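Only one chain is given next, in structure tokens, and it is the form deposited in one PDB entry.
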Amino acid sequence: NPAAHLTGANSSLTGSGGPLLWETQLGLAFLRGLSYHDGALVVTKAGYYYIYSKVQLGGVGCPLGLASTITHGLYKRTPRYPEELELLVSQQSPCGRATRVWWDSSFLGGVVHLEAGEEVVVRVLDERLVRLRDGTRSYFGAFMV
């Protein structure tokens, strides 16, 4: 019964170690049987959820004196615990086939068990370009299985 799909991808928090923020109202964005708080999908009904997130990614250059790669991730928060558990993580960049401005896309999807009160957040690590389209192309939702 419960499900949700969010878009928006406010990247204002990522710099200071915060998760992405998402629209829950406008357009295809919706909450049904789930809650939302400060970028987190809050679970109301306990059980197995198929969680998913897609992140549209951009880059202005692709060199590696050291290394440039992006880390897309779905994480679990348990309110009484300081730790954000890695649930579904992808390490990604088309820089593997590079020698330039680029596009890439990260999809994460998986069935995880969630409890009432637990939250799920999306973090994108080391992003260097946010196009006007990134917020709406990127999305993050789930549905109870």
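We call the rigid core the largest set of C-alpha positions that still match within 1.5 Å between the two forms. Shifts are known only where both forms have a C-alpha. So that there is no doubt, residue numbering starts at 1 and follows the sequence shown.
Below, we turn to the form solved in complex with a partner chain, even though it does not appear here.
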Would you check, heavy atoms only and a 4.5 Å threshold, whether residue 33 touches the partner chain in the bound PDB entry? no
The partner chain contact in the bound PDB entry: residue 20, any heavy atom under 4.5 Å: no
Could you confirm whether residue 68 comes within 4.5 Å of the partner chain in the bound PDB entry, counting heavy atoms only? yes
Within 4.5 Å, heavy atoms only: does residue 42 come near the partner chain in the bound PDB entry? no
Just one of 47, 63, 117, 33 has a CA that shifts 2 Å or more between the shown form and the other one on a core fit; which is it? 63
Checking residue 9 here: with the core superposed, does its CA move 2 Å or more between the shown form and the other one? yes
Once both forms sit on the same rigid core, is the C-alpha displacement of residue 21 at or above 2 Å between the shown form and the other one? no
For residue 81, state whether the C-alpha moves by 2 Å or more between the shown form and the other one after rigid core superposition. yes
Indicate closer or farther: the Cα atoms of residue 132 and residue 105, in the bound PDB entry, relative to the displayed form, with a change of 3 Å or more. closer
Could you tell me whether residue 130 and residue 55 have their C-alpha atoms closer or farther apart in the bound PDB entry than in the shown form, knowing the shift is 3 angstroms or more? closer
Just the runs, please: which groups of three or more residues in a row shift their CA by 2 Å or more between the shown form and the other one on the core? 9-16, 59-70, 79-81, 93-99, 127-132, 134-136
